[PDB]
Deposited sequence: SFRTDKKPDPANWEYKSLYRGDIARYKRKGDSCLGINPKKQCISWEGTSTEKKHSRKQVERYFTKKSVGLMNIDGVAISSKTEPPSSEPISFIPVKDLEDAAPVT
């Protein structure tokens, strides 16, 4: 784990970008920046999944089970209605 390093790396400031660091592979949260306040600012770091998307579309060609059609009209206010896993 931990260590204490009190030592500045001037490159980041001089060169405008990180120097002296090992960068991890990570997925960031979204596309914006937390601080940005009025959103009078926007930045670009620079893949949809909609219903008509191909991955989705082949799921419907593939069939599915039909559970219950037509017993009675309905059933009172029963305190616990279970539902199996």
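Missing from the model, relative to the deposited sequence, are the ranges 47-49, 74-79, 85-87, 98-105.
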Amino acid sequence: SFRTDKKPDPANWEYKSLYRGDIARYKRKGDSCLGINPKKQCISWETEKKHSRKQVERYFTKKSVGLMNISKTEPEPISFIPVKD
From here on, numbers count along this sequence of modelled residues.
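Taking only CA atoms, the mean B-factor in the PDB entry is higher for 49-57 than for the other of 27-35 and 49-57.
When the C-alpha B-factors of 59-67 and 8-16 are averaged, 59-67 comes out higher. The deposited CA B-factor of residue 75 belongs to the highest third of values across its chain.
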